[PDB]
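One structure is given here, and the rest of the page talks about it.
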Amino acid sequence: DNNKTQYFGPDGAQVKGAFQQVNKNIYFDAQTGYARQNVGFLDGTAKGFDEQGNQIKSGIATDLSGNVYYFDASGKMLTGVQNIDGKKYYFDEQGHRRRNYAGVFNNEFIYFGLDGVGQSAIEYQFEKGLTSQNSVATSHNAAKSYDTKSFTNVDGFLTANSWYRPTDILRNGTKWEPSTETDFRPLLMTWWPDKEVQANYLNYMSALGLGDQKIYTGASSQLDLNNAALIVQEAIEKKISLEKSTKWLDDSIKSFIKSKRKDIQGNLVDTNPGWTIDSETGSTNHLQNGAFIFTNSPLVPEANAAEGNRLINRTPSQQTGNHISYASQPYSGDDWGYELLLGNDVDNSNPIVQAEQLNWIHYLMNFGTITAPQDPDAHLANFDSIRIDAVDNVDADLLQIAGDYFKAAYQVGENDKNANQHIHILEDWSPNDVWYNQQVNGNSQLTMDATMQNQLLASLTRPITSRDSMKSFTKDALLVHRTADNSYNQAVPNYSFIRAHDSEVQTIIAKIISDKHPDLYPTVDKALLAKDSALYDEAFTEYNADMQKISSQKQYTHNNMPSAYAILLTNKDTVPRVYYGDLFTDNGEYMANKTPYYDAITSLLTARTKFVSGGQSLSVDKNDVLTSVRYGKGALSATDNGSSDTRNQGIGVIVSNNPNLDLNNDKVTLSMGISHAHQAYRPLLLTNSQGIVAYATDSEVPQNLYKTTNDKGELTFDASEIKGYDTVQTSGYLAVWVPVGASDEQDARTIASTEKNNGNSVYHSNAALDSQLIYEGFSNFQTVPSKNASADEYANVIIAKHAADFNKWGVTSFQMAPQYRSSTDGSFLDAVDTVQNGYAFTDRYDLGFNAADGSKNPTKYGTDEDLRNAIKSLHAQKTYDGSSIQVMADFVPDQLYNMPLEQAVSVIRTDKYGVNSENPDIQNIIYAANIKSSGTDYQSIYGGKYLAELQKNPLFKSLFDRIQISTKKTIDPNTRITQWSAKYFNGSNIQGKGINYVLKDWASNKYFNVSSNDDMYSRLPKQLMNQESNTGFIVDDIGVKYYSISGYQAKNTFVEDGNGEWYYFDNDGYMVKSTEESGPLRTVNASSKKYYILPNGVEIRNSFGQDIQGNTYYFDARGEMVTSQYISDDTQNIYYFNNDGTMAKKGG
Ligand SMILES: [Ca+2]
């Protein structure tokens, strides 16, 4: 080649990766053919060779790993200390040149740095000298007073955004005037926590025209930095006089703190890492990429919780303190819960909180009467039931608290009739929760059947590649066996569904976002943090397009949706839940656009009302065609002769999921009952190439389609009728047949019994309960009515109009969205301003009240008025048993978002389970968390308001006396929660304020605090109170002392100097420096932790060190000696360090 020389064997082979001669030991690289420089150990140990070939004499030579050898003339390597070009270098006994290595060599203490270059460990490495922080101006800039008055503060603490009142204002930069009350200025104008930040602040403000055209750094002198700040101050004050405002300064101070910068490498780094998320590192396993747990500390007395509160992870499975599987042989008993989900996690193991949760439930259940007392119909605008949200992320005690309430208020334990008038539901995703619910929790709330959901998806909704057999519907792991469901009051009461506002929607969108912009959002979990409205609009045009496509070309969305809904709505022993987004489009105006499936599904829904009743049986023939039969009311098997009600009731369903179904000579059979022999049947739903046909009466059917049962009550189908299809709505075949001659009076539903029941379950899976149906009446991605939206865009108005629609569909429980005024801060999907769905809120009692000026100010769904009217219209609708349509409140006890006020709290960095991510610098440190509510919100009005009232009631005695499982204590209604505070929270997601956002003197190592004059906090910087103040290192006949920028002395702390070396200062206020009498290896603080301190005082880090005896130790990033441990080196070298701390010796 050219500029490359390569060699091949006396053979086909290239000879990559080994040494070979020609006429000179040329190494050739294992990947590149190319001849490289290398060091060969063959023959005499340690020979060295260059690219051209031939031995290296008297020169440096570098290894494939990166090891640097030095040879003498004659080719032998050198070891020990060597002077190469008037520079000392250390070579170990392996001949490697080494960096970050300290030791006494030939009676000289040397430290070889990152270079490899020796420094004298005798010579001081810091600037000798102090620098006064007293100026002509310090008298004027000193604080007006040293207490809460004169500082903006978080519980007494100061942050980087603290503003203060100085004694004088340099007014229009020309005249020192006494300061008025409103003359506050940002602390960062006159004080900084070290020189580096000071330097950066100066460059930044100068970049806004308020500064010097000169670049500064931490390397720059202290006195220059101070003088330059004064020039900036003149500029600031003139601008303030010009603008008649300081808001501009607040803006530019805030943006400085989060400013980014170039680096040496050339990338964007944070200018102030300790004031941003960058410094908040730990585990990523939390939806928002980090979490804190709040933990008590003496420094922060009012953020501290009581003893034995903050019990994390009391999921139904672990309510006791330990996992308990309630599941039996076929079923799973896993728990996938975890305490810290999103936002600020409410502590529901605190009994005062638990009472506040009860209060809230009472409020919702009486929302109408409470909010509109003057209105004589207030009593008709009350909620009826609740949906418990995020059950696996809150203390399970709450399930019992609620169960107790509804027994107390509505006597739901008495009979089916009362129970079924208030139908609650759990968001209980863990498998174990089904059985916990049954054994521990009565069935006070309805479990979800997840086995049904997952099977409907696997067997029908998947593409053909991934799709399960229909035979799976007759499997054993299913919660409710329906192969021969011929009884009542056996099945575990449950609600079953296919999609929901979150499940099987938001993840399909996030996948699309990710498959278009992997650059920005590489995973689906990450994509849920997407906040740009552009990204959703884009994704949705795709999603909507995909839904219109044929089944074989559905790249993103669910196949066979009407086939699935047909099984779900005809199934026995379940309360079905319909998702809004399967009738209507998940995006756009509320109820404005229908899906491809609206016809099919709304047919089924009314049909259910007329025919679906009696016993059930599932089958799947050799061809894998599912045939589900309902025998009609009064008949529980195929061999049952039934009641008078049987003849004209009882549906039958046929489903295949094979698009190339060819029956050939085979036959499909719907075995209706012997109660249905010699009987004419007609289709409700059928599949063409064009789509699905829906016949809505007998008279819409053509006579040839009619078909009559034989003497056994069977229907038989040919290949002429049933083949494979591939439409938008069906891969495989779908058919629904109903008996001919039904009347308009005919209703298949059953009235609830008023008899007392045996056992502990509130609900019982029987005919009456199966007469119920839930409609999830919202979507995440419903468009958000713009500021000046017309009154009829708001979903709660549209609900009221269409009230009868839902009654016609058989709806008995209308599950509304959460109605709580949403955050718009984009911290998570639910809080982005384009989908303020109502799961992200600050004020749990605010369901859309008018503003203070009395202007209508609604939620996404409408005003409080509009909500009250939605509930009245639904209540005004009456179902088959004469009772109203129930309205369901989404009960969201897990968290709060986006709280207005900061509080000081003690934090530990953790993951979502609460497990300490063990970052050293985040161990019970002080954080300014947005964790306190306004105290003027509706929480402050209604919080705990009804608890005194409720205690006095006899009916609630059980509730209040009940011993809760996890707390082992009873609920505590005696304290009211009107302001949320940190003490009522388990923890929070990481808020990116930065570790060092709360300000602190580094010499004393105490926090500043202006609300206290206790000795656990440091007094204000000495200059900010017009006292003498100096900073720097000062050498003395005794030793070395150090004063911080604030003027205090270093005692019992480590101290980093000029982004370089670390040092330690003892109890006497003196630097620690090893002497000849007392060597370098030293405990310093009664911690069992050993450091390596040079005679400079330099405490070495990421570096090896030596005894005078000859042993080697390694000291980690924190400077601590390493024990019982392997250490990998830069050049891929390995060293083992014994429990001893000493290195294990090598020699080869
Ligand atoms: Ca929680």
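We label chains A, B, ... in the order they appear in the structure tokens, count residues from 1 in each chain, and number ligands from 1 in the order shown.
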So that I can see what lies close to residue 1092 (chain A), please list as an mmCIF file with N, CA and C atoms, in the first residue's frame the residues with an atom at most 6 Å from it, counting only C-alpha atoms and leaving out residues fewer than 4 positions away in the same chain.
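Written output follows (selection.cif):
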```cif
data_model
loop_
_atom_site.group_PDB
_atom_site.id
_atom_site.type_symbol
_atom_site.label_atom_id
_atom_site.label_comp_id
_atom_site.auth_asym_id
_atom_site.auth_seq_id
_atom_site.Cartn_x
_atom_site.Cartn_y
_atom_site.Cartn_z
ATOM 1 N N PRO A 1080 2.476 9.029 55.772
ATOM 2 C CA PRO A 1080 1.405 9.552 54.949
ATOM 3 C C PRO A 1080 0.034 8.898 55.138
ATOM 4 N N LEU A 1081 0.023 7.643 55.574
ATOM 5 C CA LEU A 1081 -1.195 6.833 55.655
ATOM 6 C C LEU A 1081 -1.841 7.055 57.017
ATOM 7 N N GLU A 1099 -4.325 15.668 50.012
ATOM 8 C CA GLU A 1099 -4.967 14.406 50.266
ATOM 9 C C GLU A 1099 -5.236 13.823 48.895
#
```
Counting only C-alpha atoms and all ligand atoms, which residues of chain A sit at most 9 Å from some atom of ligand 1, and what is each one's closest atom pair with its distance in Å to one decimal, listed by chain and rising residue number, as CSV?
```
residue,atom,partner,partner_atom_place_in_ligand_line,distance
A:312,CA,ligand 1,1 (Ca),7.5
A:313,CA,ligand 1,1 (Ca),7.8
A:338,CA,ligand 1,1 (Ca),7.6
A:339,CA,ligand 1,1 (Ca),4.4
A:340,CA,ligand 1,1 (Ca),5.3
A:341,CA,ligand 1,1 (Ca),6.5
A:342,CA,ligand 1,1 (Ca),8.3
A:344,CA,ligand 1,1 (Ca),8.5
A:345,CA,ligand 1,1 (Ca),4.9
A:346,CA,ligand 1,1 (Ca),5.6
A:347,CA,ligand 1,1 (Ca),6.3
A:348,CA,ligand 1,1 (Ca),7.1
A:390,CA,ligand 1,1 (Ca),8.3
A:391,CA,ligand 1,1 (Ca),8.9
A:392,CA,ligand 1,1 (Ca),8.4
A:393,CA,ligand 1,1 (Ca),4.7
A:394,CA,ligand 1,1 (Ca),4.2
A:395,CA,ligand 1,1 (Ca),7.1
A:893,CA,ligand 1,1 (Ca),7.8
A:894,CA,ligand 1,1 (Ca),4.6
A:895,CA,ligand 1,1 (Ca),6.5
A:985,CA,ligand 1,1 (Ca),8.6
A:986,CA,ligand 1,1 (Ca),7.2
A:987,CA,ligand 1,1 (Ca),8.5
```
Find the spatial neighbours of region 593-608 of chain A, counting only C-alpha atoms, within a cut-off of 6 Å - ignore same-chain residues fewer than 6 positions away - and output them as a ChimeraX atom specification. /A:583-585,809
N, CA, C and O atoms of the current selection, written as a short mmCIF file (atom, residue, chain, number, x, y, z; two decimals), in the first residue's frame:
```cif
data_model
loop_
_atom_site.label_atom_id
_atom_site.label_comp_id
_atom_site.auth_asym_id
_atom_site.auth_seq_id
_atom_site.Cartn_x
_atom_site.Cartn_y
_atom_site.Cartn_z
N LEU A 583 -65.03 3.56 20.56
CA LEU A 583 -66.17 4.07 19.80
C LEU A 583 -65.78 5.32 19.04
O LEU A 583 -66.12 5.49 17.88
N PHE A 584 -65.09 6.22 19.73
CA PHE A 584 -64.61 7.47 19.13
C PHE A 584 -63.07 7.49 18.99
O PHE A 584 -62.36 6.65 19.52
N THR A 585 -62.56 8.46 18.25
CA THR A 585 -61.13 8.59 18.01
C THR A 585 -60.49 9.14 19.28
O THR A 585 -61.02 10.05 19.92
N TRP A 809 -77.00 2.34 25.44
CA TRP A 809 -75.90 1.37 25.37
C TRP A 809 -75.84 0.38 26.56
O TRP A 809 -75.06 -0.57 26.56
#
```
Name all residues at most 10 Å from residue 1068 (chain A) (count only C-alpha atoms; drop same-chain ones fewer than 6 positions away) and give them as a PyMOL selection string. chain A and resi 1041+1050-1052
Identify, on the basis of only C-alpha atoms, every residue whose closest approach to region 1107-1110 of chain A does not exceed 12 Å; exclude the query and any residue fewer than 4 positions from it along the same chain; express the result as a list in words.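 That gives residues 101, 102, 103, 104, 105, 106, 107, 108, 109, 1074, 1075, 1076, 1077, 1078, 1079, 1080, 1081, 1082, 1092, 1093, 1094, 1114, 1141, 1142, 1143, 1144 and 1145 of chain A.
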Long-range neighbours of residue 377 (chain A) as a PyMOL selection string, 12 Å cut-off, only C-alpha atoms, 4 positions minimum in chain: chain A and resi 368-373+381-382+868-869+871-873+875-876
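The space separating CA of residue 180 (chain A) from CA of residue 148 (chain A) comes to 16.1 Å.
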Near region 669-679 of chain A, within 10 Å and counting only C-alpha atoms, which residues show up once chain neighbours fewer than 4 positions away are dropped, as an NGL selection string? :A and (615-617 or 619-621 or 625-632 or 634-643 or 646-654 or 707-718 or 737 or 739-741)
Taking into account only C-alpha atoms, which residue in the set A:407, A:417, A:140, A:1022 is nearest to residue 756 (chain A)?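 Result for the nearest residue to residue 756 (chain A): A:417.
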Please, which residues in region 431-454 of chain A fall within 9 Å of region 497-509 of chain A when counting only C-alpha atoms, and what is the closest atom pair and distance in Å to one decimal for each, ordered by chain then residue number, as a tab-separated table?
```
residue	atom	partner	partner_atom	distance
A:448	CA	A:497	CA	7.9
A:449	CA	A:497	CA	7.7
A:450	CA	A:497	CA	8.1
A:452	CA	A:497	CA	7.7
A:453	CA	A:498	CA	5.2
A:454	CA	A:498	CA	8.1
```
Prev. selection, N, CA, C and O atoms, output as a PDB file, in the first residue's frame:
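See out15.pdb below for the written result:
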```pdb
ATOM      1  N   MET A 448     -59.923  -6.033  38.669  1.00  0.00           N
ATOM      2  CA  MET A 448     -59.916  -6.138  37.229  1.00  0.00           C
ATOM      3  C   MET A 448     -59.555  -7.562  36.877  1.00  0.00           C
ATOM      4  O   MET A 448     -58.748  -8.198  37.567  1.00  0.00           O
ATOM      5  N   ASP A 449     -60.182  -8.096  35.841  1.00  0.00           N
ATOM      6  CA  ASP A 449     -59.707  -9.350  35.260  1.00  0.00           C
ATOM      7  C   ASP A 449     -58.678  -9.007  34.208  1.00  0.00           C
ATOM      8  O   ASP A 449     -59.019  -8.544  33.115  1.00  0.00           O
ATOM      9  N   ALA A 450     -57.418  -9.213  34.565  1.00  0.00           N
ATOM     10  CA  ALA A 450     -56.327  -8.971  33.653  1.00  0.00           C
ATOM     11  C   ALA A 450     -56.068 -10.181  32.740  1.00  0.00           C
ATOM     12  O   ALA A 450     -55.486 -10.037  31.669  1.00  0.00           O
ATOM     13  N   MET A 452     -58.289 -11.931  31.235  1.00  0.00           N
ATOM     14  CA  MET A 452     -59.189 -11.762  30.111  1.00  0.00           C
ATOM     15  C   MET A 452     -58.622 -10.695  29.179  1.00  0.00           C
ATOM     16  O   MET A 452     -58.520 -10.927  27.970  1.00  0.00           O
ATOM     17  N   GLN A 453     -58.244  -9.539  29.728  1.00  0.00           N
ATOM     18  CA  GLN A 453     -57.648  -8.485  28.910  1.00  0.00           C
ATOM     19  C   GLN A 453     -56.464  -9.020  28.101  1.00  0.00           C
ATOM     20  O   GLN A 453     -56.385  -8.811  26.905  1.00  0.00           O
ATOM     21  N   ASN A 454     -55.545  -9.712  28.757  1.00  0.00           N
ATOM     22  CA  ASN A 454     -54.340 -10.195  28.089  1.00  0.00           C
ATOM     23  C   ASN A 454     -54.610 -11.254  27.054  1.00  0.00           C
ATOM     24  O   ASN A 454     -53.835 -11.418  26.108  1.00  0.00           O
TER      25      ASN A 454
END
```
Can you list, as a ChimeraX atom specification, all residues belonging to region 202-276 of chain A that DSSP tags as strand (DSSP E)? /A:260-261,269-270
Using only C-alpha atoms for the distances, tell me which of A:291, A:409, A:1034, A:210 is nearest to residue 1049 (chain A).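 Using only C-alpha atoms, the shortest distance to residue 1049 (chain A) belongs to A:1034.
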Report as JSON lines: every residue of region 1033-1106 of chain A with an atom at most 10 Å from region 192-195 of chain A, its closest pair of atoms, and their distance in Å to one decimal, counting only C-alpha atoms, with rows sorted by chain and ascending residue number.
```
{"residue": "A:1044", "atom": "CA", "partner": "A:194", "partner_atom": "CA", "distance": 8.0}
{"residue": "A:1045", "atom": "CA", "partner": "A:194", "partner_atom": "CA", "distance": 6.2}
{"residue": "A:1046", "atom": "CA", "partner": "A:193", "partner_atom": "CA", "distance": 7.6}
{"residue": "A:1058", "atom": "CA", "partner": "A:195", "partner_atom": "CA", "distance": 8.4}
```
Serialized selection, C-alpha atoms, as a compact mmCIF listing (two decimals), in the first residue's frame:
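Okay, this is what ended up in again_9.txt:
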```txt
# COMPACT_ATOMS: atom_id res chain seq x y z
CA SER A 1044 -13.49 30.44 53.22
CA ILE A 1045 -14.83 33.17 50.94
CA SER A 1046 -17.39 33.89 53.72
CA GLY A 1058 -8.98 25.72 42.97
```
Point-to-point distance in Å for CA of residue 53 (chain A) and CA of residue 26 (chain A):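 Straight-line distance from CA of residue 26 (chain A) to CA of residue 53 (chain A) works out to 4.8 Å.
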At a cut-off of 12 Å, can you tabulate as CSV every residue of region 978-1067 of chain A near region 825-839 of chain A together with its closest atom pair and the distance in Å to one decimal, using only C-alpha atoms and ordering rows by chain then number?
```
residue,atom,partner,partner_atom,distance
A:989,CA,A:827,CA,10.0
A:990,CA,A:827,CA,10.7
A:991,CA,A:827,CA,9.5
A:992,CA,A:827,CA,11.5
```
Output for the residues just chosen: C-alpha atoms as a PDB file, in the first residue's frame:
```pdb
ATOM      1  CA  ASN A 989     -39.234  12.719  42.197  1.00  0.00           C
ATOM      2  CA  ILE A 990     -35.978  14.631  41.636  1.00  0.00           C
ATOM      3  CA  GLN A 991     -36.743  18.277  41.043  1.00  0.00           C
ATOM      4  CA  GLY A 992     -33.386  19.462  39.645  1.00  0.00           C
TER       5      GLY A 992
END
```
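As for CA of residue 214 (chain A) and CA of residue 126 (chain A), they are spaced 24.8 Å apart.
Considering only C-alpha atoms, the residue among A:959, A:965, A:889, A:170 positioned nearest to residue 389 (chain A) is A:889.
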